[PDB]
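**Student:**
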Amino acid sequence: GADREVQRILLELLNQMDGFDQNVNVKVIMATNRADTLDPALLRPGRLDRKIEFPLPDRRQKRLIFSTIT
Amino acid sequence: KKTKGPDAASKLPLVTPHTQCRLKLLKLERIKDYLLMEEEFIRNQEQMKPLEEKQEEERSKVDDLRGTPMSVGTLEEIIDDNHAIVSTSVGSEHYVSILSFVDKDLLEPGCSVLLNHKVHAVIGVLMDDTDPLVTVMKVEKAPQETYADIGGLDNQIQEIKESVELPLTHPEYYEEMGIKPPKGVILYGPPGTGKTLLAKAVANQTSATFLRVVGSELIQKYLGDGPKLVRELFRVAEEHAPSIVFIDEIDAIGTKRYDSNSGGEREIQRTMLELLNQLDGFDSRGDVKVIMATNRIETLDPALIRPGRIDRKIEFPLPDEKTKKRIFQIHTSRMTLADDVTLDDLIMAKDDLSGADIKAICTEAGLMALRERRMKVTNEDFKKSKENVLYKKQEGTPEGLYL
Amino acid sequence: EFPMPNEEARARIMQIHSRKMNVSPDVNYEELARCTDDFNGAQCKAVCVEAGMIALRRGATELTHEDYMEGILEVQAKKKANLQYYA
Amino acid sequence: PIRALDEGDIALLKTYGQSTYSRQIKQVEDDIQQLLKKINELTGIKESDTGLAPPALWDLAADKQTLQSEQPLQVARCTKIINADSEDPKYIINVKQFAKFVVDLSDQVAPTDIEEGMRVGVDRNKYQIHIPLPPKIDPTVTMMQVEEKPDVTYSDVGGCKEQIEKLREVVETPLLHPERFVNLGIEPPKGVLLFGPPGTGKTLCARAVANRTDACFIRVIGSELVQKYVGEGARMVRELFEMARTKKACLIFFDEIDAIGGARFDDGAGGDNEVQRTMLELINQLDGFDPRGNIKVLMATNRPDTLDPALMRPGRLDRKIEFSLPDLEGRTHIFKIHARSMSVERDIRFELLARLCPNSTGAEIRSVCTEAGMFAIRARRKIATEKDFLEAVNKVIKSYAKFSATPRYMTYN
Amino acid sequence: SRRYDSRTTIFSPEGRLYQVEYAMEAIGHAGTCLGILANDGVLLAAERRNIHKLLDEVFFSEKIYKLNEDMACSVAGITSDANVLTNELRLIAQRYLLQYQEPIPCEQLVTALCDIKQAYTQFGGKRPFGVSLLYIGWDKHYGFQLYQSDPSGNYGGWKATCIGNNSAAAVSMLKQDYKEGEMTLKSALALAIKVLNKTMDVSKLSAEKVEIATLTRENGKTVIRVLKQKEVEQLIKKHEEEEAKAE
Amino acid sequence: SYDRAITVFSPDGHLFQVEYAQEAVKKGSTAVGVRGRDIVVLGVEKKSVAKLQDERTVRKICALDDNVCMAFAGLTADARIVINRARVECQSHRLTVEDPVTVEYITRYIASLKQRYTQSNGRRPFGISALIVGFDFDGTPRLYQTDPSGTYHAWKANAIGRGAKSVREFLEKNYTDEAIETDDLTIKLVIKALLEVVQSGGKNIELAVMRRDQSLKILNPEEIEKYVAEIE
Amino acid sequence: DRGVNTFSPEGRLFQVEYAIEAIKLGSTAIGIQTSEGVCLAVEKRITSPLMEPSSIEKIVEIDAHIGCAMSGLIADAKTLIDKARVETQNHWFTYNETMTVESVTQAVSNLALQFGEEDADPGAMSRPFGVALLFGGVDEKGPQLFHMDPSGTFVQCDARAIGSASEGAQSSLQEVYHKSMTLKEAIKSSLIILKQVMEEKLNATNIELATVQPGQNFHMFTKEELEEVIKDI
Amino acid sequence: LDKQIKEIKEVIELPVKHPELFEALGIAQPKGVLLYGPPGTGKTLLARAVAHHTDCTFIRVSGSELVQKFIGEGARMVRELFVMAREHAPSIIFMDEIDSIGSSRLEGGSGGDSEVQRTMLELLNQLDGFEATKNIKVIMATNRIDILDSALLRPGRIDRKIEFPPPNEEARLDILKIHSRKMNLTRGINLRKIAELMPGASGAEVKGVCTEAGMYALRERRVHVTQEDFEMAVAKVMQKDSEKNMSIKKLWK
Ligand SMILES: Nc1ncnc2c1ncn2[C@@H]1O[C@H](COP(=O)(O)OP(=O)(O)OP(=O)(O)O)[C@@H](O)[C@H]1O
Ligand SMILES: Nc1ncnc2c1ncn2[C@@H]1O[C@H](COP(=O)(O)OP(=O)(O)OP(=O)(O)O)[C@@H](O)[C@H]1O
Ligand SMILES: Nc1ncnc2c1ncn2[C@@H]1O[C@H](COP(=O)(O)OP(=O)(O)OP(=O)(O)O)[C@@H](O)[C@H]1O
Ligand SMILES: [Mg+2]
Ligand SMILES: [Mg+2]
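Chains as they are written, first to last, in the deposited numbering: chain D, 280 to 349; chain B, 38 to 440; chain F, 353 to 439; chain A, 21 to 433; chain I, 2 to 248; chain J, 2 to 233; chain K, 9 to 241; chain C, 154 to 406.
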C-alpha cells in the first residue's frame, strides 16, 4: 500500500492511451532510458508502438555533431 | 409519541403455493379484490359526506397570518414568554416575537423553528428535521424473504431470533429472570455464506423500524459531519419505537486504531469513537438493537466488539454437508428438474462450496439448459456448470508434504 | 533551552514544591532524585504532592521517605507487589 | 457449437410450458402492483405539517391579537458593543457576521442601562439601539449538563476497591471536606485519567460519580467539539470552561478523549489543523497563565499511548489510574453484583466461575451472567442452574467463539 | 548475532515451512525433466535449457549424472546446490558397496539422500537444498524403478513423472496417456517426446534442446546410455509424422 | 554450531513453536487407531492415489518392531526420521534388556525424543503426532498417542490429523465393549470413522491389523472393499 | 531480539516471569505436611473418556521416602523427575544413606535456571522449565514438604496448593490447616478443597492421591482406597 | 473469440431483451461479468462492441476515477453512479481495468491503503446488499485475476468469468484477415504462413504485423504491400528483449 499508487498511475496511463475512448487524434511520445524494465502492457502495440534506439554516437555521428556544434 | 413506524409494507400476505396453479389464481384474485374494494371505498367516501363547509375558517386565518415562503430557522436562548431569539441559516441572531399560534411547550433551544419571511416571528414548531441523508436509510418496502427461504442455519438463526424477535415477542420470558435481553449481534463469516440473507430475513418479520446502513456512507467529507450523521441516525432510532439498525460492512469504519499520521484516517477514527460512545457510553440506549455484518472479525478494533456492546458473536461458517443439500433443495425448487438430476451427488467433492456458489451453479445451470433448446434441466447441464461457475479459486498445500 | 532536570534540578524542585507539609527531616532527597529519572519537572509536583496524598490516606501526620518512594512508583502508574520469586 | 437463439425459438419457448392459468396470474400480479401505487398516492403522507399549538387553549387570543403583535414591535437584530464613547452619544457595534457600524441610542433606552459588552437590540433600516439582550448561554454548551442521576451506585461497581478510593480522593473528598487538605496543606490532586483494556468499568465509575456529585457534571460529547468552520471547536471549549467557572465545584468529564487529543504533526495535511487547535486550547485552559480554579477533569481512554504529551504530563492530569483486569476476589464480587437479580439456584458456587473466567473483564462477566439464563429460557425452565452458568462460560469466554486447540491437545496437565 | 539471523527453520503461524515451500517455488522455474518407467527399461528426458552458438559441448550430459553401475539421476535447481547432492549420492552408494559388497538398492539410496535433505530443513540455520531429483535404476529387489524427491526431503516412487518448468502440464498429459503395465521402452520414448513437445512452449524440439538417457538390463548387466543426436532427431521425425497423420 | 534459542516462552504462558507444529499435525491426513479386546487396528485416509504413484513407497503405517507398529499424521520427512530413531532404539533395548520392548517404553523414548527437540538450541519441533500400538509381553493390547509437545498418553482409541476431533467424537459415542466384541466389528468400526472424514471410501483408506502372535498385516484392497460393503 | 537472558526495567527476567505464569494453566495439586506424615492430592483433569486415566500420572515417586506432584508443562516435568531419581541413588551409592528432602529439592532446583544460549553447551537447555514441583517425604527431620517454582526457588511450606486453583486453594488451606492436624484430617481437608476447585464432580477416577509416612514408604492410593475417602468427604 | 462473445451476450443481452424466459425457467437473472486476459488479447474491444450494439445505456468507469482524495467522496460517487443507473432503466457498466478499486484488503493502520478499500466495500454492497438491484449489469475487465479480492470474485456478484486466451493459429488468421481488409494486398500474399510465423502472439501484435507492414510500404511511397514486407514486419514487431549475462540464466539448471 502507498506503493499501489504507482500501479494506479500506470493503469490510468494504460487506460487513457488505449481504452474505451479511442481518442485517435492525440499522439503520445515517451522517453525512458532502458526499456527492458517496463510494463509489457505499456510496451505492446496499440500503445507506445515504435521503439527507437538512441545509441551512443558512432565515429561518423561524432563528426557531424562536432561540426554542427562548433 | 415514539411512533413505532413499521416498514409500511406487507401488502402481500404471501401466496401460499408457488407452483402455477388455479389455487394461486384464486388467492391472488382475492388479494386484488380487497385492494379494489379499498380503493373504491376511499374514493367514494372522499366524494360523499358533504363536509364542504371545511377549511375551518380560523385555520384559514392562521395560514393567512403566516405568509408565503416561511423560512426554517434554529431557535435559540428564549428570552421572554412573548419573545425569543432565532438564528437563520446565515447564522444571524434576529430577535423575534413568538406569536400565539405556537405552543409555548415543544419549543426548546436547538429545535428548528418556523418563521415569517418579512417580519421574523416564530410562527410554528417543526419536529421533523431528520437529515435528508439519514431518512434515506429507513426500509419502507420490506425485502421479500422469509426464514424458510434461508436453510441449513438453524443454530445460527435461533441466536439472532433470540435477540431481534423474541425480546419484543414474549418479553415476559426475559423479565421473569431479570436478564436484560442481549443487544447487538455481529454476524461474521467467510464471503458468500449468508450474513446479508439473515439480515433480510430479520428485516421481513421485523415488527419494528429497520434502519439500513452501508458501512461507508457514514463516512463524510466535512470535519465533524461524520460523527454527526451517526448521532442523527441513532437519535432517529431512539425517537422511533423499537428498532434494529444493521450497520453492514462495519469493516469500513472499524480498523484497529493506531497512532496515525494522516487526516482522513483520523476523522474515520473519530467516527468509530462516536459509534462506540453512543452504542455503550454515558447515556443508556432504549429498545435499539444493532446488527453488524463483516467479512473479517479479526480487523475490527477491540472495542466495537466487546461483550457489553456487541454480544452473541455468530460464526457463520462455510456450509456443511447436510446444509448443502438443504440449500440446494431451497434453491432448485422452482425449476422443472428431470428425473435423473437428483442433487444428492453434486454435493461433496470440493470442500469449498458456499451458498453463493450453489446459487450460481443453479442459475448457470438453467442457462446451460437453454442451450440445447430445453426447459427441463439435465444431469449433464449440471455437470457442465461446476466447470464454469466454480473456477479461479486458490489451492493449498503441495501433495507429499503431508498425505 | 529548557533541558530535563538532571538530578540536582530534580532534588531542588522536589524541595521547592514542598515545604507546606509536615515533612520529617529524614528524607534523602538525593536518593529520591537517584530513583526518579527522566521525570520532567512538573512530574515532581505530581509526585511531591502524591506523597502527601498517600500520607493522608494511610492516616498519619508526617511525610516519610518510603511515602515519597511509593508516590514515585505511583506517579508512573506502576504497582509494587511482592513477587513470588527472588532467586 | 453454441448456436444462438432465434426469434422463433424464443417465441416457441415462451409457449410450450405449463401455463393453464399463468398469463392471467402475471396480469393480476401486475394489476396488484399498479394498484398499490394508486392506493398510496391517494392516501399519501399528510397530517405531518405540525407546529401549530391548538388554537383552542388560547383560541380567543389566537386571533387579531396576533396581528396586533405583528406590525408594531419591529423585529430587532442582535449585536454587541465594542465601545461607548463617553459623553458622546455615539456607540460602535459589531453585529455578528455582517459588519461593524456606528449607532445612535434610541430615546426609549437610557444610556446608563446600556454598557460596554452587553448585547443590544439594534433595529433594521437605521441601526438604532433598543431593549438590551441578556448574555448568551449557547444551546450546545448548555445541553451538556447531567441534569439527572444515572441508576448506578458505587456498590454495583465491583471488583475494584483501590481504584474507587483513588478516584474518590480527587472527585469527592477534596470538595466535600476541605478540612483534611488544610491541616496538612496538601493540594488536592486535580485531573484523573482512567486507562484500562477495552471494557473494565472505566465509564461505570464515571457514571457512579454522577450519582453523588452534588454539583455540575458536564459531559463533554467529544463529537460535538469538532465542527466544520474553523475556530468553532476552540470557541466551544472556551465556553465550556467559562460556564465551568460560574458555579461551585464543577466536574467536567471528557469521555473518550482520544477523539479530540492526539500526537501533533505537520506531515499529513498539516495534521488535523483544526482538531489540534482545539486540543491546544484545551491544554492552555487546563494549565497556563490563568489559574483555572475549582474545576476538575476526568478523562477515559482505551489506549493512553496515543495521547499528546502536553496532555499526559502532570498538571493537566495528575492522578493516572490503571484499571487492570479484576483479581479472583474481584471476579467473585462482580459475579455476585451482576447476579443478585437473577432467578438462580441457591447452590451455585460463584467462586468457581471466577477461576474459570481468567483474564476476563467486567463486560465479559456480564455477558456471562446474561446468556447464562438465556440457555435456561431456551430450555423453558424458570430457575437457571450451575450447569447452565458453566455452559455459558464455556460458550462465552476462554473458548468464546473459536477454540482451535482441541484435537488431541491435552499437553497441559 | 540475533539481529542478523534469518531464522530459516521456524514454523509459520499456520504450520508451514516457508523456506521449504519457497525452495519449491525456485524449483518451478528449472529445466524440464521427464522420467517414464517402462516394462523393459527406464528413461530420463531433460530439456537442455542452455543452448548458444558459443557454449562448447563438454561431459556426456549436462543434467544427467550417473551414480552407480545401475543407477542415474537428473537434477532441477541450482547446480551449486545440485552438484553438492550429486557428490554425496556417489559417496553414499560406494559406502554401501564397501560395507555389503552388493550394489545399494535404489530405495535405500534415495532414503539416504532424503535423510540429508530433511536434516537441512530441521536444524543448522542453513538454507534448504532447493533441488529436486528423479532417480532411475534397477535392483534385484524390485527391478526397474523411478523415484522423485523435493526440497522438503520427501520422496515417492512413480511409474512416470516430471519436475521443473511446466511440470503440471506434463503430469496431466502423462496421467491421461500413460498405459500402466503395458508400456514398452519405445512407447515410453514416444510418450516422452510428445510430453516434451507441448511442455516447451518456447519454440519446438530441435533435437538439441533435449537430452535423453535410457536404463536397460542387457546380458545380466545394467546399461545406461544417453541417446545421441541421430536417434533423438530420428525420434523427433517419427513424432512429427504421427502428428501429421492425426491431423 | 548454530545455537540460537528457537522455542522460547511467550506472555500469558505458552510456547508458540509447539502450537504451530500442532497445526502442522492437523493439516496432515486422518489416521485412526483403536484398541480391541485381542486386536489393535490402525487406518489411514489417502489424500490421492494419483493413478501413477507406486503405493509401495507411500506407506504411512510401519513396524518399529515385530510387536510394535505406529501411524502418524504430519510432515512426512519428520515422520521418517522419527521412525528410524525408534527402530534403532528398539534393537538397542533388545540388545541390553534381552527382551522385546514394551509399547509404553518405546512411547516414552519417542516422546522423550520430541521433548528434546522443542527445548533444544538451534532446532525445530517435530511436525508429527504418532499413534503407537503393540502387544506387550503379558499380551495386553496397548495404544499410545504422542503429540509434538512430547506428552504421551494411553488411549482406548483416538484420531490425529485432519478430521481428528469429529472422528473422535464419533469414536466417543460409538465406542463400546459391544463394538469391541468381535474383530470384524472393530475393523468396521474403524472404517465408518474414517468414512466420517474421507469421502470416497473403500478406495481412499488403507487399513492394517495387528494380532497377538501374528506380525503386522495390511488389508488388501479387496478386503477393504468387502468390509465397506458389509457396513453399507 | 530480546535474548532469553534479558533484564526488565524492574530488574525482572522476562522468561522466568512468563514460565511462572504458565503454571496457572496446569491442574490443581494439594500438599499438606503433618507430624504423622505428608499427603498429596491432585486433579487429573481427564480430557476425554476414551483416554485411559491410568496413563495420566500426576504423582510419582523419587525414592522410597520421597514423592512429587506436578503441574505445568508435564512434558517439562519428565526431565526434572529423572534428575531427582539419579541424584537420590547417587547419594545412596556414595554415602550409603538416604538424601533428605531439602537436599533432593536443592539438587533439583539447581537444575532449574541452569539455561543459556551462547557459550553454554552443545545442547544445553534454552528456556526455563514451566512446572511447579511439590516434593514431599520423610527424612531424619521428620515429614517435609517443599514447593518449587520455575524460578529455581524452593521453600519448605506447611500446606500449599499449586495449579490453576492455587489462589483459593491456598485460601481454603489457610482457614482449616493447623499445626497439630493428623494425616487423615489432612487427607480429607485436601480432598474437599480439590473438590471445590474442580468443576467436574469429584469421583474416584479423576484424582491421584498419595502419602508418605515415617513407617510406610511412598504410597499411591488405589481406586478402592480413593473411593472410601470420597465416600465420607 | 466467438464462444466468449456468445457467453457475454447470454448475460448482457438475453436477460434484458427477453426477461420472461428466465422467470419461466424459475432462475435468478445473472448479473456481472469479469474478463481475464493476457497483456492485450481483447477486452476493451468486446467492451466497445457491447456498447455499440446494445441499446441499454452504457456507463463507463475507468480504474483510477472513483478514487477521490477527500474522504468519502470515493463512495458517494459510486452510490450516485448506481442511483443514476437505476434512474436509467436497462444499463450496463464496464468498469475498465479494475485493479485500482480492487485487489485484496490489506491489514489497516498506517501501513497500507484504506480509503480505496472503503470504496471497494461500497461498490460491493451496492452490487449485492440489502437491496436487490434490478436490470443493472456490470462488466469488469482487469488483468491479473489472481490479485483481486475474494469478495468481488464471489459467484453471485461476478457470475461467469470469461477467460480470454491468447489467439490460436486459426484465430490469428482471422485477426489478420479482419485487420487487413483495407490494405491492397498483392498476389501471392499467403496469410497462412504469415500467421503461423507468429507463435504465442497477443492478438494485438497482429495489428503490429499488419500496420508496420504498411509503415514499411510508406517508405517506398508505394502501395501493394508484399510478402517480404510482411515477413520483415513480423521480425520487426515480435522482438522481445530476451536475456543476457548467461550467468543468471545459468543459475537454474
Ligand atoms: N445457506 C444458504 N441458504 C440459502 N441461500 C443461501 C445460503 N448461503 C447463501 N445463500 C444465498 O447466497 C446469495 C448471496 O447473498 P448472501 O446474502 O448469501 O451473501 P453474504 O453472505 O451476505 O455476502 P457478503 O460476504 O458479500 O456480505 C443470497 O441470495 C443467499 O440467498
Ligand atoms: N468491576 C465491575 N463490577 C461490576 N460491574 C462491572 C465491573 N466492570 C464492569 N462492569 C459492568 O460492565 C458494564 C459495561 O461497562 P461499560 O462498557 O459501560 O463501561 P467501561 O467498562 O468503562 O467501558 P468502555 O471502555 O466502553 O467505556 C457496566 O454496566 C458495569 O455494570
Ligand atoms: N481478436 C481480435 N481481433 C482483432 N483485434 C483484436 C483482437 N483482440 C484484440 N484486438 C485488438 O486489441 C486492441 C485493444 O487491446 P485490448 O483489447 O487487449 O485492451 P485491454 O483489454 O484494455 O488490454 P490491457 O489488458 O493491456 O489493459 C485493439 O486494437 C483491437 O483491435
Ligand atoms: Mg442493510
Ligand atoms: Mg467509556
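Built from N, CA and C at the ideal position, the CB exists for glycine as well.
1. Shorter than 8 Å, the distance from the beta carbon of C:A202 to the closest heavy atom of ligand 3, or not?
2. Need the endpoints of the alpha helix (DSSP H) that A:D51 sits in, please.
3. For B:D285, verify whether its CB is less than 8 Å away from any heavy atom of ligand 1.
4. If the cut is a Cβ gap below 7 Å, which residues of chain K does F:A439 touch?
5. Excluding the 5 residues flanking B:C399 on each side, which residues of the same chain have their C-beta closer than 6 Å to its C-beta?
6. Looking at D:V305 and ligand 3, is the gap between the Cβ and the nearest heavy atom below 8 Å?
7. Please find out if some non-hydrogen atom of ligand 1 comes closer than 8 Å to the beta-carbon of B:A393.
8. Just to confirm, does B:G221 get its C-beta within under 8 Å of one of the non-hydrogen atoms of ligand 4?
9. Distance check for F:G423 and F:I406, CA to CA, integer angstroms please.
10. How many angstroms separate the CA atom of B:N153 from the CA atom of A:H150?
11. Within this structure, are the beta carbons of residue 1 of chain I and I:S133 separated by less than 9 Å?
12. What residue from J:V198, J:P126 and J:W156 has the CA that sits closest to J:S150's CA?
13. Are any of the Cβ atoms in chain K nearer than 9 Å to that of A:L345?
14. Does the distance from the C-beta atom of C:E358 to that of D:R323 stay below 9 Å?
15. Please compile the residues from chain C whose C-beta is within a distance smaller than 8 Å of the C-beta of D:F299.
16. Examine ligand 1 and report whether any of its heavy atoms sits within less than 8 Å of the Cβ of A:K316.
17. Since I believe B:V123 is in contact with B:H131 (beta carbons under 8 Å), could you give me their beta-carbon distance rounded to a whole number of angstroms?
18. Output yes if chain F places a C-beta closer than 9 Å to the C-beta of A:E185; else output no.
19. I want to verify the contact list: residues of chain C whose CB lies under 9 Å from the CB of D:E291, in sequence order.
20. Nearest-angstrom Cα distance between A:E90 and B:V162?
21. Does the distance between the C-beta of B:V250 and the nearest non-hydrogen atom of ligand 4 fall short of 8 Å?
22. Output yes or no for whether 9 Å exceeds the beta carbon distance between K:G34 and K:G75.
**Tutor:** Here's the rundown:
1. no
2. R43 to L62
3. yes
4. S159, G160 and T161
5. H368 and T369
6. no
7. yes
8. no
9. 7 Å
10. 22 Å
11. In this structure chain I extends from 2 to 248, so residue 1 of chain I is not present and cannot be described.
12. J:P126
13. no
14. yes
15. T197, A200, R201, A204, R213, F247 and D249
16. no
17. 5 Å
18. yes
19. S215, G216, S217, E218, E250 and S253
20. 18 Å
21. yes
22. no
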